[PDB]
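Trainee: Sharing an experimental structure here, sequence included.
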Amino acid sequence: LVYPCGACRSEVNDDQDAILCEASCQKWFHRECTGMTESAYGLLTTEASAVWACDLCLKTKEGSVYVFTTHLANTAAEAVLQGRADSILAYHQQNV
Ligand SMILES: [Zn+2]
Ligand SMILES: [Zn+2]
């Protein structure tokens, strides 16, 4: 099969950091095509109860587990790294 990046349209390969808009548009995105940080990527992909939503799905409220936009994933991860949140789910819980 082939999996075109939802933003740049080239193939997303297994050796590339990538996230899936799995609860909506069903497209893979290269991490660097989304604005997501490395830390947000590492923490979100490790959390099986978390799903990510891409910017185009957010724009039309497509589809309307814990849901993170790129911005929420970034800020939750920064709080984790700073020792200000115990985990990205704990941050989501507190902040919505
Ligand atoms: Zn891409
Ligand atoms: Zn999407």
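Mentor: Now that the structure is in, tell me what you want to look at. Numbering: from 1, shown residues only. Ligands and ions are numbered 1, 2, ... in the order given.

Trainee: quick one: contacts of stretch 87-96?
Mentor: For stretch 87-96, contacts defined as C-beta atoms under 8 Å, 6 or more residues apart in numbering pick out 40, 43-44, 47, 49-50, 66, 68, 72-73, 75-77, 79-80, 85. C-betas here are computed from N, CA, C, even on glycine.

Trainee: Kindly apply the preceding question to stretch 34-52 instead.
Mentor: The contact list for stretch 34-52 (C-beta under 8 Å, 6+ apart) reads 7, 17, 19-23, 31, 54-55, 65-70, 73-74, 76-78, 80-81, 87-89, 92.

Trainee: next one: stretch 82-91 to chain centre, how far?
Mentor: 16 Å (C-alpha atoms, centre = their mean, to the nearest Å).

Trainee: Just the buried residues of it, please?
Mentor: Within stretch 82-91, the residues scored as buried using 16 or more other C-beta atoms under 10 Å are 85, 88-89, 91.

Trainee: cool, stretch 64-75 as well?
Mentor: For stretch 64-75, the buried set under the neighbour-count rule, 16+ other C-beta under 10 Å, comprises 68-70, 72-75.

Trainee: Just put those residues in TSV and tack on secondary structure and distance to residue 3.
Mentor: As requested, the buried residues of stretch 64-75 are exported to TSV (DSSP: H, G, I helix; E, B strand; the rest coil; distance: C-beta to C-beta, whole Å):
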residue	secondary structure	distance to residue 3
68	strand	21
69	coil	21
70	helix	19
72	helix	24
73	helix	20
74	helix	24
75	helix	28
